[PDB]
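K.L.:
would you be able to build a 3D model of this:
(chains A, B, C, D, E and F, ligands or ions: 4)
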Amino acid sequence: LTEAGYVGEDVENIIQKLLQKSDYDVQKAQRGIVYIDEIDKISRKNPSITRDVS
Amino acid sequence: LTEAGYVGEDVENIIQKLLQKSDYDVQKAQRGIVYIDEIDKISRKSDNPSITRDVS
Amino acid sequence: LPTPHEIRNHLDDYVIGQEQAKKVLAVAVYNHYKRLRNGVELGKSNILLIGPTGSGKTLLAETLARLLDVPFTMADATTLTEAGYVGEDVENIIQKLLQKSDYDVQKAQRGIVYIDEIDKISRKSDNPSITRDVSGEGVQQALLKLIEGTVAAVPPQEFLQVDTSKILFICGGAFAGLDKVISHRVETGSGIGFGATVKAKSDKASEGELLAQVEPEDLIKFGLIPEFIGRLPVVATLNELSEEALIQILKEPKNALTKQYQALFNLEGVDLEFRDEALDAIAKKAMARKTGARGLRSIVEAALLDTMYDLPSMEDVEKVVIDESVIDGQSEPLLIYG
Amino acid sequence: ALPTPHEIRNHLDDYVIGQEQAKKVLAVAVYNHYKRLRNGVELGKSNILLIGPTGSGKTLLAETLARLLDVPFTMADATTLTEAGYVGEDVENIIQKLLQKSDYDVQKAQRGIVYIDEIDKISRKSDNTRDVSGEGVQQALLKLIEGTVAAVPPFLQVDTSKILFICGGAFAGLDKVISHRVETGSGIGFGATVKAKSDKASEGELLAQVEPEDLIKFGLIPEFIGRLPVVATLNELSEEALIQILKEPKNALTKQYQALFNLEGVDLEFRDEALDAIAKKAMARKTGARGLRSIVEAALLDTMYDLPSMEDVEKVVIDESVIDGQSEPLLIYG
Amino acid sequence: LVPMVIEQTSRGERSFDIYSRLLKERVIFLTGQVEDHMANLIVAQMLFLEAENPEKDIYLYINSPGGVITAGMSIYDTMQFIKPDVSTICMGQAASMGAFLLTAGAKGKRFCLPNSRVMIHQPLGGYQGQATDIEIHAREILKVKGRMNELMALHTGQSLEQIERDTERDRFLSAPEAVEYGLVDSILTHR
Amino acid sequence: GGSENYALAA
Ligand SMILES: Nc1ncnc2c1ncn2[C@@H]1O[C@H](COP(=O)(O)OP(=O)(O)OP(O)(O)=S)[C@@H](O)[C@H]1O
Ligand SMILES: Nc1ncnc2c1ncn2[C@@H]1O[C@H](COP(=O)(O)OP(=O)(O)OP(O)(O)=S)[C@@H](O)[C@H]1O
Ligand SMILES: [Mg+2]
Ligand SMILES: [Mg+2]
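P.N.:
Numbers count the residues shown, from 1 in each chain, chains lettered A, B, ... in the order given. Ligands and ions are numbered 1, 2, ... in the order given. Provided below are the atomic coordinates:
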C-alpha cells in the first residue's frame, strides 16, 4: 500500500480482494473481516519534513 | 484526492457523490452541503525538495 | 464604440482601488473592439494579472463578462493537462467558448478568454524538470500555440476548426513566492557585516511594491517558461488592499458584504446597521489575517455569530446596531424592539 | 521559370530581419525542392532543424515561406501529437492536414513542405506511465521522416520519402548542456580562469557550437537527429535588428499602432530616439522581439485610455522620455 | 572557544563556525600580528571567494598591531590581483602593515570606525655579521621602505616626499585624521 | 483512445 496518486497501490484494493471472496456481493462483503499484516512497516522514521508515501 | 492527470480520484468526484444523493438533479445539487474530512492530510509539511510535485 | 472610461466605470462599481489593472483591461477590451471592427494585420497583446489573494483578479473578470458583448469564458489551469492524459484538454476552453456563442465559430474567434490560477501550472524550478510535468509545464507548452494563434479542433455537440489568432487571453494568478524572487534581484545587499544592508521585518519592501518591479526574468525563476511569458506581454499588477480600500469594499460596491448581511437579516425581519467606527476596526483585523478582502467575512461572521444564532428565536426585534466594541469582543450588539 | 534562392530570401527579408544564415538554408532547401519536383540517380532531401531563442523568427519564417511557395505547406504542433492508439492525436494527422491544402491530390502532396514547431516539447524524460508525448512521438516521426506509406481517411496511402520536413523549436537548457561540454574551467587559484559573467557566452553564441551529442542529452533520439542533418541556428536578436523590426517589416508594431490610432482619428508618430530606447529595454527582458510589444503598450497605456475622451486631437508624438516614463507624450490639436 | 552557529537553508540546517559563517558572506578577519601562516590563510580565503562570485565585493576587517612585511605583500598583491573590490574596515587598530592593507582597499570602500586608531611608520629590521652582508640587507630594507611609500602615495594620493616625512617616525592617526590623509574614505559611525 | 494517468514515484 501507498499514498493516493503514487505507483505503489491504493488502499481501496483491500475491499476489492474482499469482494472477490464474496463473489462481488456488496451486501455480503460490507460485513466482512480484514487482516492487515505487516502493519508495523507503515510507520514513521514525530512529524516528517517530506511526504512518506509508504 | 489528487491533482488532475493522476491516478487518484479527481476533486470533481465529490460533486458526483452529491448528484447521486440528489438523484442527478443538478438544480438540487447546486444547493447542497459538502464535508471534506481529513483536510489536514493535504498540507505541504515544510522545507521539502521542490523538484517533486506535491500532487496530494 | 464604448470608451475605456465607460468600461472602467462599470468595473469601478464592483472593484475598488485597482486603477492600473482597470486601465489595462479597459484598453485591451476597447482595442479588441477596434481590432474587431476592422477585418496590415493587427496583432493582439495578451494580459497577465499578477496580484495577491483577495485583490480583485477574478472579480474583474466577472465584472467584465457582464458588459462584454463578445463571448467571455473563464477557465481554470488546474483541470488542464498535457494531451493524451485523463485530465481536461486545453482545447476544451474553445469548446466552452462556443457554448456562450451558440456554436458560432466566427463569433468565438472574436472572443475573450480568462484563465485563472495560472500560477498553479508553473514549473517547480527555473531549470527543466527531469520528470513529465503533466499538470504543469505540459499545460504551458500546449497553451503557447493557442494564445499566439493556431487552429483547434472542437467536437460539435467531424470537428470544428476554430482559430485563436484573434482571441484575447487574460491569464491571471496569485504568484505566491514571487516577492522573494524579486527581492533577491532587487536588494543584492544581504549579509552580516557592516557593509551589508540589514533591515528589519518592518520598514522593508512589501509584497505589493515588489510585484510592481516584476520583470520576465523573475517569473522565469518562479516557473513560467520564457516562451509562455512572451505570449503574455502585458503584465498588470494589483496592489494589496489598504484599510481605506477595505472600508470602501464593505459599503460602496453594490454587492458589498454589509449589504449581503443586511439582506439576510432583512428577509428574516430585522434591520442591520453598521456604524462607521466599526468598519474601521474590521479593516484593521482583516489586514492582520493577510488573506485580502476575504478576511472581512471572517471578522463579520465571528462578530454576528451569537446574534444570528439567537435572533430567530427572539421576537419583536426590528433593528440591530454593531458599535466598534462588538468587533473587539468587549460588548454585545444593541437591539431595538417594536 | 522557377524562383532562385536570392528571390526567396528577398521575400523573406520583407517580413524577417537578422537571420541571414537560416534564410539561406531555407531558400536553398526550397529551391532544391522545386528542382526535384521538375525531375519527377535519385536526389535526396535534406531535412532542416531550426534552433533559436524565443522571438527569433522561426515560426515567422515558416509562415512567410508558405505565402510565396506554390507546393502544399502545413504547420503542425508537436505538443498535440501522441503515440498511436491514444486520445491526444496521431502523427499521420499531419498528412491529413496537408491533403486539405493539396485538395486530396497525392502526387501534389508528396512534393509538399511540412513544418513541425515546438519539437523540443516531445523530448525524452528520466522516469520509468509511458511518455506518450515524448519518445513515442519521436519514433512515430522517424517512420514519417524516413519515408513510408501512411493511411489517411479522405483510406488513402501517401508516401513521405519525398516530403520535406522543417522541425524547429526553442531548445531551452541546451545552452547549459553545451556550456558543460565546451566551457571548462572553474578553478580557484591565480592561474585558473574565473567565469567573469560579463564574458559568459550567450545562447546565440553558444548554440552555434551545437553538435548532435548535445541534442541527445536534451532528450532527443539519435536516429531522429540523424534524419535531420541540417541544423540552422538563429541568433538571439540584435539591438539594431530590434529597431528595424519596428520600421522595416510589413506587419511592424509601429504600423499596427499607427493603424489603430488612425481608424480612431489620430496620427501616431514615433521618433528615432524612442525606437532605440524601446529596443534596449526589450533586450533586457530576454523574451525576444515579443517582449518589445509590452514596452510600447505600457508607454501608450495612459494615452489609449484617455484618447477617445479627448476631442480635437489630430496627432500624437512619442519622445524618448516617454518610454522611460519621465515625460508624457505630446499631442497636437485641430 | 569559537561558537557554532546554525544557518537555515532549504536543503537543511548546517552548523557553521562563527568565522566560517561570515566567510560565506564574504567577510575576512585580519587579526593579530601579520605572519606567513595567517597570510597564506587569508590569501586562500580571497581566492575561494573570487571563484565563488568574482563580482561581489569582499570585506576584510583589520584589528592587527602589524607584522612581517613579506606576508603583508602576499595579501596586498592578492587584493589587487583579484577582480572583486576588497573593502577594508579598520576595527580597533591598524598598524604599519594593517594600515598598508587598509589604504590598499578599493577606492570608496575603505571604512574605519570612529574610535579606531591608525599608525604608519618605517620598516624595521636588522642584521649581524660582516660589513659586506650588512650592506646588502641594508639596501634591501631601503628599497622596501621606498617601495612601500610609493604604494602608500598611490592609494592616498599624497606626494612621496610628504609620506617620507610622515613615515620617518611612528605617527598615529584617528579616523577623521585618516580621511584627510587619504588612508580611508569614510567613517562608519552608525547604521 | 485510452487516457493515461501518470503515477508519481518516491
Ligand atoms: N477590489 C475589490 N473590490 C471589491 N471586492 C473585492 C475587491 N477585492 C476583493 N474583493 C472581494 O473578495 C472576493 C474575492 O476576490 P477575488 O479577486 O476573487 O480574489 P482573487 O484575486 O481571485 O484571489 P485568488 O484568485 O483566490 S488567488 C470578491 O468576491 C469580493 O467580495
Ligand atoms: N527576425 C524577426 N523579424 C521580424 N519579426 C520578428 C522576428 N523575430 C521575431 N519577430 C516577431 O515575433 C513574432 C513571432 O516570432 P517567432 O518566430 O514565433 O519566435 P519563435 O522562434 O517562434 O519563439 P517560440 O515560437 O515562442 S519557441 C513575429 O510575429 C514577430 O512579431
Ligand atoms: Mg480567483
Ligand atoms: Mg514557434
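K.L.:
what lies in contact with the helix or strand hosting residue E:161?
P.N.:
Assigned by DSSP states H and E, residue E:161 falls within helix E:160-167. The contact list for helix E:160-167 (CB atoms under 8 Å, 6 or more residues apart in numbering or on different chains) reads E:120, E:121, E:122, E:145, E:149, E:150, E:152, E:153, E:156. (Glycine included, C-beta is placed from N, CA and C.)
K.L.:
dump the C-alpha coordinates for it into PDB.
P.N.:
Taking Å, rounded to 0.1, in the frame of the first residue of the first chain, the C-alpha atoms of helix E:160-167 are listed here in PDB:
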ATOM      1  CA  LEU E 160      56.100  60.600  -1.900                       C
ATOM      2  CA  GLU E 161      58.100  63.300  -0.200                       C
ATOM      3  CA  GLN E 162      55.300  64.100   2.300                       C
ATOM      4  CA  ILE E 163      54.900  60.300   3.100                       C
ATOM      5  CA  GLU E 164      58.600  60.000   3.700                       C
ATOM      6  CA  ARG E 165      58.500  62.900   6.200                       C
ATOM      7  CA  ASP E 166      55.400  61.500   8.000                       C
ATOM      8  CA  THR E 167      56.700  57.900   7.900                       C
END
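K.L.:
buried residues, that helix. List them.
P.N.:
Residues of helix E:160-167 classed as buried by neighbour count (16 or more other CB atoms under 10 Å in any protein chain shown): E:163, E:166, E:167.
K.L.:
can you select the buried ones from the contacts of helix E:160-167 in PyMOL?
P.N.:
Buried residues within the contacts of helix E:160-167, by 16+ other CB under 10 Å, are selected in PyMOL with:
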select buried, chain E and resi 120+121+122+145+149+152+153+156
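K.L.:
which one of the contacts of helix E:160-167 is nearest to residue C:182?
P.N.:
residue E:156 (41.1 Å; CB to CB).
K.L.:
what segments of the chain are helices?
P.N.:
Defaulting to chain A. A:13-21, A:26-29 (DSSP state H).
K.L.:
out of those, which gets nearest to chain E?
P.N.:
helix A:13-21 (35.7 Å; CB to the nearest CB).
K.L.:
any residue of that closest one touching chain F?
P.N.:
No: Helix A:13-21 does not reach chain F (CB under 8 Å from any CB of the partner chain); its nearest approach is 14.0 Å.
K.L.:
could you pull out the buried residues of that helix?
P.N.:
For helix A:13-21, burial by neighbour count (16+ other CB under 10 Å) applies to residue A:19.
K.L.:
who are the packing partners of it?
P.N.:
Contacts defined by 3 or more CB pairs under 8 Å, 6 or more residues apart in numbering or on different chains; DSSP states H and E place helix A:13-21 against helix A:26-29.
K.L.:
now do the longest helix seen in chain E against helix E:160-167, angle only.
P.N.:
For chain E, the helix with the greatest residue count under DSSP H is helix E:131-156. Per axes from the mean of the first three to the mean of the last three CA atoms, to 10 degrees, the angle that helix E:131-156 makes with helix E:160-167 is 110 degrees.
K.L.:
for helix E:131-156, packing partners?
P.N.:
Applying 3+ CB pairs under 8 Å, 6+ apart, we find helix E:131-156 packed against helix E:69-81, helix E:96-103, helix E:160-167.
K.L.:
could you give the angle of that helix to helix E:96-103?
P.N.:
Going by the same axes, to 10 degrees, helix E:131-156 makes 30 degrees with helix E:96-103.
K.L.:
and helix E:131-156 with helix E:69-81, angle?
P.N.:
30 degrees.
K.L.:
gap between the nearest residue to residue A:25 once chain neighbours are set aside and chain D?
P.N.:
In space, and not counting its chain neighbours, residue A:25 is closest to residue A:19: 7.7 Å by CB to CB, 6 or more residues apart in numbering or on different chains. Taking CB to the nearest CB, to the nearest Å as the measure, residue A:19 falls 26 Å from chain D.
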